[PDB]
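Encoded as structure tokens, the structure appears first; notes follow it.
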Amino acid sequence: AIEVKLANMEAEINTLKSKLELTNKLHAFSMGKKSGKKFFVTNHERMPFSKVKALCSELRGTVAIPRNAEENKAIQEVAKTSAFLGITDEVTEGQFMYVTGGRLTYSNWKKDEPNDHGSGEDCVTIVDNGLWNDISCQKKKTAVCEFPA
Amino acid sequence: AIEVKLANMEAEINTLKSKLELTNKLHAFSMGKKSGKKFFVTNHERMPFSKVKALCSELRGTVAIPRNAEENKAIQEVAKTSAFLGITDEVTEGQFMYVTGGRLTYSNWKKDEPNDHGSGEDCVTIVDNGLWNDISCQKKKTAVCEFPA
Amino acid sequence: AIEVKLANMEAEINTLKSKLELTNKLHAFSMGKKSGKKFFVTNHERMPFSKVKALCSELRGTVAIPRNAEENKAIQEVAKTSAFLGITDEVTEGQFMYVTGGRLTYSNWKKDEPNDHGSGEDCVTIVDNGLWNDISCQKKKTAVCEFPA
Ligand SMILES: [Ca+2]
Ligand SMILES: [Ca+2]
Ligand SMILES: [Ca+2]
Ligand SMILES: [Ca+2]
Ligand SMILES: [Ca+2]
Ligand SMILES: [Ca+2]
Ligand SMILES: [Ca+2]
Ligand SMILES: [Ca+2]
Ligand SMILES: [Ca+2]
Ligand SMILES: [Cl-]
Ligand SMILES: [Cl-]
Ligand SMILES: [Cl-]
């Protein structure tokens, strides 16, 4: 019977949707995602900003963005080295915005940053001490993506 | 056409089920699962026993349980900190049982443990050195889940 | 209904196929896979060569094979301890071939290796320092699987 097979197929598809959802949960858990918190992942590869941005988006995430000290600390722990943050002032010099929209609020600028040094610096990296430095978007820094809570 | 379409979709589904099964195997492997051994994993987050139980159960797992000295060590090195074990004596004081049912067989209690200190201590935690301590279930310890061998 | 349901189910299947691809990409990413580079994974378990092969085949990969100094170091950094390479002279004594077929193109043999020492040595392990030594395929070494770029 055609309808019986179709009904079975529906059940099979729904069963797969739930198993996949579980696979995703377990992987996030195994990757250190904390309950009700965003999770950060890195392959430890250094690349220019646009490449990090393209990579994270492909994975359905975004370049990591610290919204407070806890998150900033978590990103630093994950990155282990200087990494790009999802913050830039490429649209209008001086006004840093999140790659996902909106003006930068919480910050952790290193002493004397941001300074748009020399020919210009429109991207931001969280350096080893967790402090921030605006740098050239063309420099290669560790790719770190964040995924929703 | 409908009979063929349906037949070909069922085949697609079977391939996808196998592919998902592969993803699960590769993930466990990457997370250090040893052949014929249970898979222990943690996100490194500390919480009350009731939560770890709910969390592990949501991932189709249970709170880690050392059935012998080998598994007890395996759990210790995964947790890195004091983690809840799937054992409590909430039913009969002194009679510790696994959350999955059954009487406690292997144990690695610390000197003077269990002591059911203060108002009571019905949960168990494997402390840093692998030794056990009975502790209040309302306290917050590392969440470590186990998955079948 | 029937054809509408069937059309929806094809859409459901394709959507699920994309989500799973996404899941695999994110896992490879978290597993340290760099762009355009093959990647290596290990559960850190020691086992005879035949088991490494079986395990990697089940994961749809192959035993790690270094094609150049770049990959040789990458394999060594993942294994951390001596691991089997997908290279053996089992078919014809003295003729080292890749498990995937073909004669060696790159080699980092430690001085005086390979020597088929004593009762015989047909497998190869990358020692902690990257050099190669032919050893017994019966010995238990770290399993490192290789996945395509
Ligand atoms: Ca500018
Ligand atoms: Ca600027
Ligand atoms: Ca600067
Ligand atoms: Ca009690
Ligand atoms: Ca008690
Ligand atoms: Ca106690
Ligand atoms: Ca031989
Ligand atoms: Ca030989
Ligand atoms: Ca030798
Ligand atoms: Cl720039
Ligand atoms: Cl208690
Ligand atoms: Cl041999």
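By convention in this document, chain letters (A, B, ...) are assigned in the order of the sequence lines, proteins followed by strands, and residues within each chain are numbered from 1. Numbering of ligands and ligand atoms starts at 1, following listing order. In what follows, every heavy atom counts, from backbone to side chain, and hydrogens, waters and symmetry copies are set aside.
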- Query: C/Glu93: which N/O/S atom is nearest the Ca ion (ligand 7)?
  - Reply: OE1
- Starting from the Ca ion (ligand 6), count all protein N, O or S atoms within a radius below 3.0 Å. 6
- Message: For N/O/S atoms only: which one belongs to B/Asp89 and is nearest the Ca ion (ligand 5)?
- Response: OD2
- Would C/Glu45 and C/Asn43 count as having a side-chain donor-acceptor pair, cut-off 3.5 Å? yes
- Query: Checking A/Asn108 side chain against A/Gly130 main chain: does a donor-acceptor pair fall under 3.5 Å?
  - Reply: yes
- Query: Do A/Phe96 and A/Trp109 make the cut of ring centroids closer than 6.0 angstrom?
  - Reply: yes
- Message: Counting backbone and side-chain atoms alike, is an N, O or S atom of B/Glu90 positioned under 3.0 Å from the Ca ion (ligand 5)?
- Response: no
- Query: Does any donor atom in the side chain of B/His27 or A/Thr23 lie under 3.5 Å from an acceptor atom in the other side chain?
  - Reply: no
- Message: Working note: A/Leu26 + B/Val41, criterion side-chain contact (heavy atoms from CB on, under 4.5 Å); need CA distance, chi angles, decisive distance, verdict.
- Response: CA-CA 9 Å; A/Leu26 177 55; B/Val41 52; 4.2 Å; yes
- Okay, side chain of C/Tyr98, backbone of C/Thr105: is any donor-acceptor separation there less than 3.5 Å? yes
- Query: Relative to the Ca ion (ligand 5), which of the N, O or S atoms in B/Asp122 is the closest?
  - Reply: OD1
- Task: Would you confirm whether C/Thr142, through its side chain, and C/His44, through its main-chain N or O, come within 3.5 Å as a donor-acceptor pair?
- Result: no
- Message: Less than 3.5 Å apart, any donor N or O on the side chain of B/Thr125 or B/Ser82 sitting next to an acceptor on the other?
- Response: no
